[PDB]
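A lone chain, given as C-alpha cells: the form deposited in one PDB entry.
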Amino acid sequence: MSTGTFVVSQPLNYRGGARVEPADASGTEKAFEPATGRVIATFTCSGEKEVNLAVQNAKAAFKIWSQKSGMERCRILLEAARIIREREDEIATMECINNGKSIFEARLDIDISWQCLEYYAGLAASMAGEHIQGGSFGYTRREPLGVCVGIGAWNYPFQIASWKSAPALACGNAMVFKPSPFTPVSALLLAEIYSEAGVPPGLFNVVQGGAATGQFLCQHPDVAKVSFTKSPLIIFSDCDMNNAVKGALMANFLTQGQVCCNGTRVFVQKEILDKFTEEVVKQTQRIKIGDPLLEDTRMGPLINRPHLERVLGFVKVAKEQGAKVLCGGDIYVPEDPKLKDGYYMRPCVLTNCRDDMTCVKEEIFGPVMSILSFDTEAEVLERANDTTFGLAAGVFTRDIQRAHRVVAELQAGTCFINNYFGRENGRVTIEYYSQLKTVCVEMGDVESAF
C-alpha cells in the first residue's frame, strides 16, 4: 500500500471473530488519510444494541478464555506478538495512512506493541497468589474481572489498543475496544491478529463510535471496568548543549507534537540562550515534512483539518500576544502534488515568551515550542512547579547534585535527566484487570466465642 490509494472496503466493527457492520447506529463519521485529505472510510458509530451485542459476545468468550490456564493464555499472546512482528510493516503502513505519523515512528509504536504483548504473556504464565500459614492456611488467587472496555486515543491508535488489551487478556478478561473515531482502521488488524493467534471469537471486539458509543459502553451492566486515556523542559548552562537541543526537538516534534506531556514549555538559562536558540531553529528547519510512508520523513500531517486549524490559532494568538515566530507556525505545501490536500504545517518555535501567554499555559497538542528565559535555578524552580503529577518534566545539567535537586522539587510524576518495563508496572496493571479471591481452609476444629 502507498499513500493516496487506500480506501476501507470492509466493515469496521469486529464481533465473533469477524468484521461486521454495526447493528445499531449512533452517528456517522468520516475517517481521513491526513497526508492527502482523502476520505478512506465513512463508518457507522455503534449504537446501544451494537454495544450490547459486542459485550454479550465478549461475555461468552470470557467464560471460555478465563477457564483456560495461564500457560495456554501465554502461548497465544506470544503467538499474537509473533504475528504482529511478522506483519509490522503492513501494520505500520495502515497506522501511517490513517494517523499521519511517520513510518519511522509507527514502526516504533508496533515494536512497543508486541513487546508489551510478550511482556504480559510472560506474566500470565508466572502469575501467582499468596500462601500464608495452628496448621491452618489461607491462599489468594487472582481472577479476571470479566468484560473490560478500552477507550482509545488517536495519537497512538494501534499501541493503545495493544497496551489496553494485552494485560486485560493476559489476566483472563475479554475486552470490547472502542477506537477513537479519528483512527478506526488499525485496531481491526489487532483484532484479526488476536483471532489468528487462537483467541476465542469475541475475546477482543471492536466497536466504533464517539462519545455516545463510549457512554453506552460505560453504562453497560455486564462491563466490569473501563480504561481511559504543561510539562516543562529545563536546560541549564552547565548542560551538554548538543544533548539539550536534541532533547528539545525530541520533546516537541515527535508525532507532530500530538503527544501528552510533551516538553513544550522549554526553560533556557540566559547564559546559554542565544547558542541554544540558534542551534534549535537550525535543526528544526532541517526536519523533512512530507509523505509519512517515506523512510526519511520525520513529520507527517496533523490528525485532521479541525485540529490543524486549532493549532494554527494558537500560533496566531501567541503572535498577537508578543511572541516571536522564528520558524514554522503556518501551512506547509509539500512538493509532492498528491499530498497537496493534506493537513501539513511547519514545526513552530516561539521566542520572547512570557508566563502570562496562553501558548505557555495551554496544551497546544501541536508542533509548537515555547522558549522562556530565566536567570537562576531559584527563578526557574518557581515558574515550572505549577505542573501536576500527571505531567512529565525534564532537566538538562552535568551535575549529580543539581539534577536530582530539581527532579525532587518538581511535582511531575515522570521526570527526565539529560533526555526526554520492570515488574511493578505489570503487577499494578494486572491488578487493575483482576480481583483477589481469598480462601480460608480450617483443617482443625472451629473455636466458638460462645
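Here the rigid core means the biggest group of C-alpha atoms that line up within 1.5 Å when the two forms are laid on top of each other. A residue's number is simply how far along the shown sequence it sits, counting from 1.
Although it is not shown, the form deposited in another entry is what the next lines describe.
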Fill in: Core-aligned CA displacement of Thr388 at least 2 Å between this form and the one not shown
yes
Worksheet item: Does the distance between the two CA positions of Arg427 reach 2 Å or more between this form and the one not shown, the core being superposed?
Response: yes
Worksheet entry | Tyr139 C-alpha shift between this form and the one not shown of 2 Å or more, rigid core reference | yes
